[PDB]
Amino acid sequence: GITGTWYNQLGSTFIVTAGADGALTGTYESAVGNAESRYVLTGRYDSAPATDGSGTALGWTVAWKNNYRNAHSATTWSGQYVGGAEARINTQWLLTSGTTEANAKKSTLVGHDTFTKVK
């Protein structure tokens, strides 16, 4: 249920493949920020989730460097997949930018993204 294309509330596109082993691989295209086109993403997910009515834990990372540009930053998403007729991946994220010591307070932004199979 995780493999496929996902869309978040910002208009971004998350293309992922969930491996039989627990591997998450794919590309991410952000609708906002210092980003253009697709970026590599890699992550992990619980490949044997509880069959007791709970989501499937997972996470992935995107370093914002590709053949077109480098934002010198990286974002990690942490959350869970919930299946069904209204599938969704609910996440909280941390976007860290490389900084000088003097600027360490500005290194990490926090937010949340909800992904659905629609849009």
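Heads up: residue numbers just count along the shown sequence, starting at 1.
Taking the recorded C-alpha temperature factors, which stretch has the higher mean, 51-59 or 72-80?
Between 51-59 and 72-80, it is 51-59.
On average, which has the higher Cα B-factor in the deposited entry, 88-96 or 27-35?
Mean B over CA atoms: larger for 27-35.
Sort the modelled residues of this chain by their C-alpha B factor and say whether residue 109 lands in the lowest, middle or highest third.
Within its chain, residue 109 is a lowest-third residue by C-alpha B-factor, going by the deposited values.
Consider only the C-alpha atoms of the modelled residues in this chain, order them by B-factor as the entry records it, and name the third containing residue 42: lowest, middle or highest.
As the PDB entry reports it, the C-alpha B-factor of residue 42 lands in the lowest third of its chain.
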